[PDB]
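Okay, here we've got a single chain as structure tokens, the form deposited without the named molecule, with questions on binding and movement later.
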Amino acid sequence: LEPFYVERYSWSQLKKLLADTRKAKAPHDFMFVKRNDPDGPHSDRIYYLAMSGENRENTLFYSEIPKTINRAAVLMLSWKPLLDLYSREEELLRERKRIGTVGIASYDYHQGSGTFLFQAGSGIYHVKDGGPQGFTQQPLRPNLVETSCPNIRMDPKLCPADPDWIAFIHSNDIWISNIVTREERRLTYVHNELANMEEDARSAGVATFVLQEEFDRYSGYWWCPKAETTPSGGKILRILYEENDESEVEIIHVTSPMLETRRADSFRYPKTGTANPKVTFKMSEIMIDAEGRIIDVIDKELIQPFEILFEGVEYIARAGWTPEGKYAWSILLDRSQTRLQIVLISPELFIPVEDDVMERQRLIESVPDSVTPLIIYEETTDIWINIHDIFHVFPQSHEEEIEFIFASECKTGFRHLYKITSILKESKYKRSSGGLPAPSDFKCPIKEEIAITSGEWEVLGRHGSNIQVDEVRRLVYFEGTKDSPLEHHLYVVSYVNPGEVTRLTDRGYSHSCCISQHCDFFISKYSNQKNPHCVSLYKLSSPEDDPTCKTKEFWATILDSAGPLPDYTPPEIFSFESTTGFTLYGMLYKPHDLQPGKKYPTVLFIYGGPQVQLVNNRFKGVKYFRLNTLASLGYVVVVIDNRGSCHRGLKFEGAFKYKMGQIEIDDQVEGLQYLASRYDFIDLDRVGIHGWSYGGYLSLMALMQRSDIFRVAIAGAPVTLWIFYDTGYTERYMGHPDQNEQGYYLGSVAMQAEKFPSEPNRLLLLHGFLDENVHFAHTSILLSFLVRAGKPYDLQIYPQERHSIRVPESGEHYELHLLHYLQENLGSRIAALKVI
């Protein structure tokens, strides 16, 4: 078997090749609104966010859903524009939400009035459509919400009880604004914008760093959905909000993007094993008169401290209100993230904030002892709680009961839907007796727990995946891996007598689906390895003999696929029975124009951390286009999902609990050795590895643990010390540093610098200089120990980049350097002559 060597191009030639081979976000956030026009030809209008084309802002569009279609032809819904033609907190939110696009990122809608609310840059805007005032046939002018606030307004929400009122955050405090009267009012006085962040560490209505980065919670306040009528003809609007105190949280410095300043910005960063923010619940009570003017605002606090009413809770993972606004609900985690609670919180638990110790005691006594936190659900696990966005509360049927659907892996090790009924008993704890509550004084008895789904597959509840409940037919629509861990599909099931799960999406594609609130339509963004992404609308219907049974019918195209790219060869999905006892899936990019009797250099691209699956039946010709480019020059490219990756259940995910970095490369090498036994064109004497974040971390572990296998490792923004990473992520998978001294040591590449090769052209480190997620200190301290251990390294910095690469010139330089590095140190003939 002859060694194939890649053509040795110059730096300028590789730049030109990359520019020539380089030469639009699909519609999303769908909403169905009924036309109610018996004589008219349309049943529904759909609204959605989309980019008008290749390079432009995201804006609001609408399309018309016809009552009937020509089933001979294919209907292309035309996009109608709904609308007429960054600060530091915007930049950081875009990092936390992983937003790459510009324009409207989300929108609020009040169905009763048809009021849209949305942020477009520095402005908060509103338009009206689909309400009682009817449906526009032309673009609407965005109405600017005027303000006296000097700084950026973030996170605007419409009051569901009254669409004249919005709330928003300004300098980490909650404000409200009436979009008819133009009354503007600050509700919380917790932060001072003039003060330094070392002095003022308090915020209201805001999700702090760990909850944006590690729990995908971006709001810290929630409108009560109903208003309380007053005897004066006015009403009371309520807002539940989280209040944070970050005083005890460590401050770290991250280089300012303005490099000319030679200054750093301060950041409240809870590193693993140190203090998370001090958190509590608060309620703002807004009294409004008959003509919509604010009478007074009463800020209210919990009758007893948060640490007493919610013993052992570190994180408020999720929160909201019950449908009729009777209770506030919250999903609460302990520090270990092995205990989840769903707790109902009555507004009667909140008393006015009072400094007068005489009046404060009068208010404490005015609240009954029967008013108590209600733990309606509590679960534990020896692996970890995976937080999700699934939680549905049915309308209150009986007085002292709550009926709800929740999802959990804790019973079977796979995420499944459960219908639960909890009894709201009076607690035997009485705070007037002047003691602390016993462990289970607020726990509710379970009247009923019914498994809706089950099996060796999971329901999805993150990244937009959720459920839709048909309360009439008593069905629940959900996304799952029931047919395959390589494809997401839409399913429907009864939650009354659960049994047969009907798949509503077509096999051979992975789907991401939105179901109409009216449960008679669904949209699917679908793709596979060979075909780029499409978006189609499907009408739902029941057979006349069985309303429980659901059928699908293609209705119209929303986005047409471009078709297979002219210059892209998709990879082949493969699999192998691992010695670990699991099927592990992989992707193989064969070198283009295979010559026989020749073995080729191999590049292993890796992530290998939790919360990600690289191998699945989706189109990889956009985000992983350059793996096809490597194959086009004569590199074998391999991707393998090792244990710890997602969509395979909690056991498979929990394989590296307490021992991150110790098991992943075994699977990666096992998959490489399986491939090389079946394929003789894989040269195992020229294997490179490359990844970003956890991928860069494992790229370093690969060269450290297995220099016998891996010639070169290119590690982007890698974790090198787990003590440097944050509480939410690190303690979930690795526990507290005191309870895992060996795991933290072995899992940290920087603590083992002397195990790297004493041989150059094998280790390349890449890092965004402004990275506030994986701090640059990970690289600088690894270099410190590499220099101290007399070890060679190559380094590239991206001075304008954080954790991701956003500036196209940085991306072009990264692709060019990496391609040139693989050529000179792995692929080319000169790379072979250099090895000593």
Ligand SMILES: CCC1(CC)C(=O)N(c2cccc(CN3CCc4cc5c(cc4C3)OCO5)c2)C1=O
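Basically, rigid core = biggest C-alpha set you can superpose within 1.5 Å across the two forms. Start at 1 and count along the sequence shown; that's the residue number.
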State which stretch is farther from the displayed form on average in 8 other deposited structures of this protein, 431 to 439 or 651 to 659, counting RMS CA distance after fitting on the rigid core.
431 to 439
Core-aligned, which moves more in 8 other deposited structures of this protein: 411 to 419 or 131 to 139, by CA RMS?
131 to 139
Residue 101: absent from a third or more of the other PDB entries compared?
yes
Is it true that at least a third of the other compared entries have no coordinates for residue 87?
yes
According to the entry, how many residues of the deposited sequence fall between residue 23 and residue 24 and are not modelled? Options: none, 1 to 3, 4 to 9, 10 or more.
4 to 9
Look at the stretch from residue 85 to residue 86 and count the residues of the deposited sequence that the entry does not model, then pick none, 1 to 3, 4 to 9, or 10 or more.
4 to 9
Between 679 to 687 and 605 to 613, which has the larger average Cα B-factor in the PDB entry?
679 to 687
Mean C-alpha temperature factor, higher of 177 to 185 and 443 to 451
443 to 451
Residue with highest C-alpha B-factor in the PDB entry, from 747, 563, 649, 142:
563
For the listed 172, 106, 432, 244, which has the peak Cα B-factor recorded in the PDB entry?
432
What third of its chain's C-alpha B-factors does residue 19 belong to: lowest, middle or highest?
highest
C-alpha B factor of residue 146, ranked within the chain: lowest, middle or highest third?
lowest
Entry-reported C-alpha B-factor of residue 538 relative to its chain, by third, is middle
Position of residue 292 among the chain's modelled residues by C-alpha B-factor, lowest, middle or highest third:
highest
Compare the C-alpha B factor of residue 155 with those of the other modelled residues in its chain, then answer lowest, middle or highest third.
lowest
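What comes next is about the form solved in complex with the named molecule, which does not appear here.
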Which of these stretches, 362 to 370, 489 to 497, 603 to 611, 514 to 522, has heavy atoms within 4.5 Å of the named molecule in the entry with it bound?
603 to 611
Which of 350, 692, 585, 116 has a heavy atom within 4.5 Å of the named molecule in the entry with it bound?
692
What is the one choice in 110, 550, 80, 626 with a heavy atom within 4.5 Å of the named molecule in the entry with it bound?
626
Indicate whether residue 814 is a 4.5 Å heavy atom neighbour of the named molecule in the entry with it bound.
yes
If we define contact as a non-hydrogen atom of the residue within 4.5 angstroms of the partner, is residue 818 a contact of the named molecule in the entry with it bound?
yes
Distance check, residue 630 to the named molecule in the entry with it bound, heavy atom within 4.5 Å:
yes
